[PDB]
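> First the structure, which I've put down as structure tokens, then a few questions once you've had a look.
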């Protein structure tokens, strides 16, 4: 499909992404800054080291209301990125209620925690019209 987190790498700084729709989904403005407990967020940091090999680090965050199934899919994509960057990157997955200074240090503005997505805005794309039978 369109894996941006795994294919991420076009700017030395920080990129935030979120899993949604059985694929990778970015977090538009206004939305960024709020972590969800019913989903997984994948973040990849990129900097320019002396040699200029562009350092690549990534943190895998999961929600407490996401059994190993949802957390498994998120960790799965994170594990692949590692094999691709099993050179010396910084891979570290964080959980809700157990974050670390790295996270609290990456965002000190005060990350908001949203819970319960009261919204039935979601439809399944059907295969063209039912003309076929």
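Each reported figure results from applying straightforward, stated rules to the coordinates on display, with no laboratory input. Please note: Cβ atoms are built from the backbone with ideal geometry, for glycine as well, and neighbour counts cover all protein chains shown.
> List the number of the failed condition for residue 38; all other conditions in (1) in a loop (DSSP other than H, G, I, E, B); (2) crowded, with 16+ Cβ neighbours inside 10 Å; (3) in contact (Cβ under 8 Å) with a residue 60 or more places away in the chain hold.
If we test residue 38 against (1) in a loop (DSSP other than H, G, I, E, B); (2) crowded, with 16+ Cβ neighbours inside 10 Å; (3) in contact (Cβ under 8 Å) with a residue 60 or more places away in the chain, just (2) comes out false.
> Residue check: is residue 33 surrounded by 13 or more Cβ atoms within 10 Å (Cβ to Cβ), touching a residue at least 40 places away in the same chain (Cβ under 8 Å), on the phi > 0 side of the Ramachandran plot and out of contact with any helix residue (DSSP H, G or I) (no Cβ under 6 Å at 6 or more places or on another chain)?
Yes.
> Could you go through region 49-62 and let me know if any residue there is under 23 Å from residue 10 (Cβ atoms), part of a helix (DSSP H, G or I) and touching a strand residue (DSSP E or B) at 6+ places or on another chain (Cβ under 6 Å).
No: zero hits.
> What pairs can you find where one residue is in region 94-106 and closer than 15 Å to residue 33 by Cα, the other is surrounded by 10 or more Cβ atoms within 10 Å (Cβ to Cβ), and their Cβ atoms are less than 6 Å apart, with a gap of 6+ or different chains?
These pairs meet every condition: 96/37; 96/63; 96/64; 103/94.
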